[PDB]
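> In their complex positions, the first chains:
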Amino acid sequence: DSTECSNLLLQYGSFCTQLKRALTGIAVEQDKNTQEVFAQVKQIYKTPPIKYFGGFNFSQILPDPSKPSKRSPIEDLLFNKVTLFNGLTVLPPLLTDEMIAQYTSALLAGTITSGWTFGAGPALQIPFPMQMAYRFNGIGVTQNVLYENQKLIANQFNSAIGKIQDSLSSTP
Amino acid sequence: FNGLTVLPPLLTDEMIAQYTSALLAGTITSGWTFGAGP
Amino acid sequence: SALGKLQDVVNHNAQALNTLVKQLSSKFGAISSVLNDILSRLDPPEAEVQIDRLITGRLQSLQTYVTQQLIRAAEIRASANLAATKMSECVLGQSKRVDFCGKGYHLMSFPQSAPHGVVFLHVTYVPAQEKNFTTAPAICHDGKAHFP
Amino acid sequence: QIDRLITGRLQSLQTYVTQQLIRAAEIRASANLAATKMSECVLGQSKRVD
Amino acid sequence: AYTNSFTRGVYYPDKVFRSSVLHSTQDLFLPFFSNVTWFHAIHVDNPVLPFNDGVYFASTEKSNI
Amino acid sequence: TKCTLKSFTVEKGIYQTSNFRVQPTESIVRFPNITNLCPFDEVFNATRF
Amino acid sequence: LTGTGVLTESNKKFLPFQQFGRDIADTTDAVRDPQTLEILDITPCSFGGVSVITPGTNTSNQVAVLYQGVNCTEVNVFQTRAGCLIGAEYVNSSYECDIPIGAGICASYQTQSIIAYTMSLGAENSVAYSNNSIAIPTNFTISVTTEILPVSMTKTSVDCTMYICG
């Protein structure tokens, strides 16, 4: 707020116009990136209340009704693991953290209860063991291999999901 | 102008439209095959 | 606003040239913007340092313009590579990549020229009129299990 | 004596905006890849190796 | 005689408050681990020492000598 | 907003026209303060010339 | 020490030989009185950008104003995490967003007023999961989707000396 500087700067041209335009373009682009990544699904699919899916244990990734933020435990670990004038201002994002967590929960419920279908049109429900049999078949292993080792496969999946959180926490 | 210019493009619009029509005729009469050989 | 992208490219280029032409009027601290007056109403020894400012300022303007054009050209090259990939994979064949060539199970795609880009007409197959059923993973007959 | 400060600070601000344009392009490439991974790996099953 | 001065002699250079932060300053300090001259206070009386740029005078005594 | 877009018809949206900044409403100074003055008093009233 | 700002009662323990307080990057944060030697906090008085929300010249001339980085205690009126918005009333209904204001808040033309509201992320669909039920489609529909992509830009060449000084 010096009068003489504005008086001398008016002769340099429209540099401020260019700077304002460039920075606003960057900001709108950031908003579009978040939309493009997360907002792929059209309807917010809800998880059924009786959470039994044939031995698989998705508790570490489904949203936690206990915490007020409604984030799964892995998401909580991630949010705590990472943390962070003269005319400079930081603008807020359009989608708050809560709304992004809601979009993610929608994708999880859709993929858990309906498989591939919810991405091609109307979500058609299918039992989770039959869905994994489809995927096994997809990689060239006959589906009887899954039905005869359902117990073992569920145990291995649970163990791996359990070690993921420890790995994220132990890695510096 | 004042030292500015706008060199013309190399493929005119007509030649590009001709290429597009070639792709359409190929895909309508021969499917995948025109991309792998004869 | 169906063609927002192509129109946007055109307007950015036009706006860049307009500002480049407009910046010739600024004085940059010199006593005047037109070269004739500067060289007329001052002696050569002082006219040298009074013309230096305009030269350096206009050179900086031109340098900024070229840098901005390099950045935009990189962006358009990324887009052109994507278009070439879509041509090869969706038009000249059939892609199983999910939601690359349109939403739904991809059947085929048709290209159409545009002034500075392409317009792909993706043809997709979408199910409808679903129905409930009860299912089982296997049938037991004669004591042995059958799978489909 | 004030011309120098104006021109110098204007140059500083211009470098900042250019550095930001390059970084924003980098993040955009990464975000496009993330959207592709969403579509192809989550909403389906990919045969693309690795 | 001689004796190395350990990490001593640092002083507040600017009477400006700062909290929970690191600050780098270029000023006249006592270099760490440098040896310093030692003299005794019994009798002979005291020699003149030049004042090059600043003196760090330390003394441990209990009689106001 | 019309004047900033240089157009008589402005479309639906959000536009950044300007910025505001509250000006100071008063000024305060607090400066060098000493307790003891000079001894001119004695000098002149000492009645000893 | 010359400056501008709002002075507030301090909460910092200055040692007796100190006269100034600074945060990172030499921003003067505190000061001792030359009279009472009491410490005072310095905060730069409020400033920020102002934005105009408009439903289109062709719909109506009404307009709403958003002061971005500020609180209305020092500016219908409404407070948001993005700042205070004037001219639009907050409604509880959630809609598909069209004018993004920020921090999950949007705005739109009511139809006779401009209303600000929180965004809705779409409808809720509770797919009926069950361990032995399957849904299968009996019919289909083939659709066509148009995707647009830019390929190239205008080629430009410049003459140095002419552009510089004709």
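In hand now; what should we look at? Residues are numbered from 1 along each chain as shown, chains lettered A, B, ... in the order given.
> how about the residues of chain G near chain A?
Taking CB under 8 Å from any CB of the partner chain as the criterion, chain G approaches chain A at residues G:44, G:47-49, G:68-69, G:81-82, G:100, G:102-104, G:119, G:121-137. In short, each C-beta sits where N, CA and C put it, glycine included.
> So which of those residues belong to strands?
With DSSP state E as the criterion, strands contain G:47-49, G:100, G:102, G:124-125, G:133-137 from among these.
> on that earlier part again, just the buried members of the residues of chain G next to chain A?
Judged by neighbour count, with 16 or more other CB atoms under 10 Å in any protein chain shown as the criterion, the buried members of the residues of chain G next to chain A are G:48-49, G:68-69, G:82, G:100, G:102-104, G:119, G:121-122, G:125, G:127, G:129, G:134-135.
> center of chain F, which residue is that?
Residue closest to the average C-alpha location in chain F (CA atoms, centre = their mean): residue F:27, at 4.7 Å.
> cool, and chain E?
residue E:56 (2.5 Å).
> Tell me the secondary structure of that residue, please.
Under the three-state scheme (DSSP: H, G, I helix; E, B strand; the rest coil), residue E:56 adopts coil.
> for it, what are its contacts?
With contact taken as CB atoms under 8 Å, 6 or more residues apart in numbering or on different chains, residue E:56 is in contact with E:5, E:8-9, E:30, E:36.
> if we go to 6 Å?
Going by CB atoms under 6 Å, 6 or more residues apart in numbering or on different chains, residue E:56 touches E:9, E:30.
> what does residue G:159 give?
Residue G:159 sits next to residue B:3 when contact means CB under 6 Å, 6+ apart.
> Next one: it from residue C:62, what distance?
10 Å (CB to CB, to the nearest Å).
> now swap in residue C:20 and tell me
In terms of CB to CB, residue C:20 sits 7 Å off from residue C:62.
> Just the C-alphas of stretch G:158-166, formatted as PDB.
Output of stretch G:158-166 as PDB, limited to C-alpha atoms (Å, rounded to 0.1, in the frame of the first residue of the first chain):
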ATOM      1  CA  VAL G 158       8.300 -14.500 -34.800                       C
ATOM      2  CA  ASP G 159      10.800 -12.000 -36.300                       C
ATOM      3  CA  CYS G 160      13.000 -10.700 -33.500                       C
ATOM      4  CA  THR G 161      14.200  -7.300 -34.700                       C
ATOM      5  CA  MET G 162      10.900  -6.300 -36.100                       C
ATOM      6  CA  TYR G 163       9.100  -7.100 -32.900                       C
ATOM      7  CA  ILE G 164      11.800  -5.300 -30.900                       C
ATOM      8  CA  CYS G 165      12.000  -1.900 -32.700                       C
ATOM      9  CA  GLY G 166      10.600  -1.900 -36.200                       C
END
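> Would you pull up the residue in chain F closest to chain B?
residue F:6 (22.1 Å; CB to the nearest CB).
> That residue: neighbour count?
Residue F:6: 6 surrounding residues under other CB atoms under 10 Å in any protein chain shown.
> Check residue C:20 too.
Close neighbours of residue C:20, defined as other CB under 10 Å, add up to 22.
> So it belongs to a strand, correct?
No: applying three-state DSSP, one finds residue C:20 to be helix, outside a strand.
> Going along the chain, name the strands of chain G.
Here chain G has its strands, by DSSP E, at G:6-9, G:20-22, G:28-32, G:39-43, G:47-54, G:64-67, G:77-80, G:83-86, G:89-90, G:99-102, G:105-109, G:114-118, G:124-125, G:133-150.
> Now the residue nearest the centre of chain A: phi and psi?
Closest to where the C-alpha atoms of chain A average out (CA atoms, centre = their mean) is residue A:104, at 4.3 Å. When read as degrees, to the nearest 10, the backbone of residue A:104 gives phi -60, psi -40.
> mind adding chain H? sequence follows:
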Amino acid sequence: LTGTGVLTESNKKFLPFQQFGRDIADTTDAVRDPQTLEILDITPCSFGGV
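The block that follows adds chain H to the chains above:
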């Protein structure tokens, strides 16, 4: 008004109090003669790269 260029017969309606004509971006595009009051168009003669 000093400049260089080719002069051509005009088609523009100058109002009686106007003396110069300019297009977008301040390029002086036309001028009225101070003797015969005829309007003239200005175009910079041809130049280009080789």
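> let's see the neighbour count of residue C:20 again after adding chain H.
23.
> where's the residue nearest to the centre of chain A relative to residue A:62, distance?
Counting by CB to CB, the gap between residue A:104 and residue A:62 amounts to 10 Å.
> Residue C:112 now?
45 Å.
> Please apply the same query to residue C:62.
58 Å.
> still on that earlier bit, give me the element the residue nearest to the centre of chain F is part of.
In the assignment (DSSP states H and E), residue F:27 maps to no helix and no strand.
> what's around the residue of chain C found nearest chain H, how many residues?
Relative to chain H, the nearest point of chain C is residue C:21 (4.9 Å; CB to the nearest CB). Number of residues near residue C:21 (other CB under 10 Å) recorded here: 18.
> now residue G:108
Residues near residue G:108, counting by other CB under 10 Å: 19.
> what does residue C:36 give?
The tally of other residues near residue C:36 (other CB under 10 Å) stands at 11.
> Likewise for residue G:54?
By other CB under 10 Å, the residues close to residue G:54 number 23.
> Show me what it bridges to in the sheet.
residue F:13 (DSSP bridges).
> correct me, but it touches residue G:64?
No: shown here, residue G:54 and residue G:64 do not form a contact pair, counting by CB atoms under 6 Å, at 7.8 Å.
> Now for the two: what residues contact both?
Common contacts of residue G:54 and residue G:64 (CB under 6 Å, 6+ apart): none found.
> tell me the contacts of whatever residue of chain G ends up closest to chain C?
Nearest to chain C, among the residues of chain G, is residue G:137, at 3.7 Å (CB to the nearest CB). Contacts of residue G:137 were listed using CB under 6 Å, 6+ apart, and they are C:127, C:130.
> Also residue C:137?
The contact partners of residue C:137, taken as CB under 6 Å, 6+ apart, are residue A:147.
> Centre of the chain to the lengthiest helix in chain F, how far?
Counting by DSSP state H, the longest helix found in chain F is helix F:40-45. Centroid separation between helix F:40-45 and its chain, computed with CA atoms, centre = their mean, to the nearest Å, is 40 Å.
> distance of the residue nearest to the centre of chain E from residue E:10?
10 Å.
> Spell out which residues of chain E are next to chain F.
Contact residues, chain E versus chain F (CB under 6 Å from any CB of the partner chain): none.
> Just the closest residue of chain E to chain B, please.
Counting by CB to the nearest CB, chain E gets nearest to chain B through residue E:24 (49.5 Å).
> and that residue, how many neighbours?
When neighbours are counted by other CB under 10 Å, residue E:24 registers 4.
> Give me the distance between it and residue E:13.
Noted for residue E:24: a distance of 11 Å to residue E:13, by CB to CB.
> shared neighbours, those two?
Common contacts of residue E:24 and residue E:13 (CB under 6 Å, 6+ apart): none found.
> distance of the residue lying farthest from the centre of chain G from chain D?
Distance from the centre of chain G peaks at residue G:132, with 48.5 Å (CA atoms, centre = their mean). As defined by CB to the nearest CB, to the nearest Å, residue G:132 lies at a distance of 24 Å from chain D.
> Can you list phi and psi of that residue for me?
When read as degrees, to the nearest 10, the backbone of residue G:132 gives phi -140, psi 20.
> ok, it - contacts?
Applying CB under 6 Å, 6+ apart, we find residue G:132 in contact with residue C:134.
> Tell me where chain F has strands.
Secondary structure of chain F, counting by DSSP E: strands at F:13-21.
> just to revisit the earlier point, what distance do you get for the closest residue to the residue of chain C closest to chain H other than its chain neighbours to chain F?
Leaving aside its chain neighbours, residue C:21 sits nearest to residue H:25 (4.9 Å; criterion: CB to CB, 6 or more residues apart in numbering or on different chains). As for residue H:25, its distance to chain F is 13 Å (criterion: CB to the nearest CB).
> Since that was my last question, I'll sign off now.
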